[PDB]
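Those letters in the sequence shown? Residues 1 to 352, per the entry's author numbering, in order.
Even for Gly, the Cβ is constructed at its ideal location relative to N, Cα and C.
The structure appears right after this line, and notes come after that.
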Amino acid sequence: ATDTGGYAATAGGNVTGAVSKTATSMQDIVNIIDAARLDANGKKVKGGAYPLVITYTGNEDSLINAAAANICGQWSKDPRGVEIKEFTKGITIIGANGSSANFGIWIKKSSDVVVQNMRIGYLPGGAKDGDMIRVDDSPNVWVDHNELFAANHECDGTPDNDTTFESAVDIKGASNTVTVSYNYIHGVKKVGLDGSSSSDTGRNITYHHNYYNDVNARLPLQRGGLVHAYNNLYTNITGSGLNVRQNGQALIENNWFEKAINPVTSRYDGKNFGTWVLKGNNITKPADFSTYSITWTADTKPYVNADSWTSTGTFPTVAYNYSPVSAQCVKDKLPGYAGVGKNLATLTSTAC
Ligand SMILES: [Ca+2]
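Below you can see the structure in the form of structure tokens.
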């Protein structure tokens, strides 16, 4: 099955001929991927020689706990991450229950990559792109059931006063189809881009069943293309939520917003505002803003907020099958399905 409930359609490494490998450390993952490029005769194969399902059993709680206790010492350290570059055979990196990582996963020019059940937090190297997950020039990637966290805080004197920590799930380039689902993202200042610049526009991304809590912004910072955000729980958003820019289109349906500032907006460019189609959220009209503590702020440059809470454009027919539960159900049940150690459980209307 290649069904991710979103734009990406991939089975990752769970295909025919997949080779199962256990990784006990960051280094093992690197070595395993490196060996997966060799054919029977020891010669390298472009895109990889065989599919892989890597089970990561490592635990780096010590590193995570030390980092949490000294958050401002993280940005200047060397970034730590496993790069999955030009591997198209199909790969799934799934964490064992109880595993943890103080390193990121950087996907570059690959495809059919799935990252599940990984608990990644307080990564070093914010000043040198220490992303928890980065998807660059990579279509058909599925980031599902992970816990990505740090501290929603900015230390004094970091480069650009924005590098205490990098992002949770940055997406850029030709990452044409991506599904980000069932993740528990908390304590993150910059959650994730959708295009690295004003010119890096496009892509079709689906954000569904994610639980955001105490995050500052970029859910995502969208640039062009299509974004389908459904069944997500957005609470304690301290800056802005979905920032639809460079003429992007978004379908925001059956989500639960609460204690959020600028939950849906288009700001920082001063032009080429994106559009949104709102339907089925806990917020149905401006009268609900006070009920759920929705706050709005202006910007120094021309901007568009959804303070009228009305659709400002259209959205193409959703190309895949999905069935959202109600916004009330995500509020009630989502926390028990999102993140790690949930055995990749999915929230169905049956459980509502
Ligand atoms: Ca980044």
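Query: Helix, strand or coil: how does DSSP classify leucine 334 here?; Result: helix
Query: Does DSSP put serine 181 in a helix, a strand or coil?; Result: strand
Query: Enumerate in chain order the residues of its own chain whose CB-to-CB distance from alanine 306 is below 8 Å, with the five nearest sequence positions on each side excluded.; Result: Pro263, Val264, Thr265, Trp276, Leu278, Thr312
Query: With a 10 Å radius around its C-beta and 16 neighbouring C-beta atoms as the bar for buried, classify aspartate 194 as buried or exposed.; Result: buried
Query: Taking the straight line between their C-alpha atoms, what separation do you get for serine 290 and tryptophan 309?; Result: 13 Å
Query: Within its chain, find whatever has a CB closer than 6 Å to the CB of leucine 233; leave out the 5 residues flanking it on each side and keep chain order.; Result: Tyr211, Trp256, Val330, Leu334
Query: Should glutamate 83 be counted as a contact of ligand 1 given a C-beta to heavy atom distance under 7 Å?; Result: no
Query: Tell me the start and end of each unbroken alpha helix (DSSP H) in the segment 43-113 that is at least 4 residues and wholly inside, in chain order.; Result: 61-68
Query: Comparing C-alpha positions only, which one of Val45, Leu38, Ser76, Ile91 sits nearest to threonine 16?; Result: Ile91
Query: From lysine 172 to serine 197, what distance separates their C-alpha atoms?; Result: 9 Å
Query: Would you be able to state if there are at least three C-beta pairs under 8 Å between the segment 134-150 and the segment 161-175?; Result: yes
Query: What are the partner residues of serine 20, as DSSP defines its beta bridges?; Result: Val53
Query: Candidates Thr346, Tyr230, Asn236: which alpha carbon is nearest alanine 327's?; Result: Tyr230
Query: Under 8 Å Cβ to Cβ from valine 304, same chain only, skipping five residues before and after it: list those, please.; Result: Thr265, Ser266, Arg267, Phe273, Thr312
Query: Say the cut is 7 Å; is the CB of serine 167 nearer than that to a heavy atom of ligand 1?; Result: yes
Query: Have a look at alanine 49 and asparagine 31 and give me their C-alpha separation to the nearest angstrom.; Result: 14 Å
Query: Which residue from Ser62, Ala319, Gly270, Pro286 puts its Cα closest to that of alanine 298?; Result: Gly270
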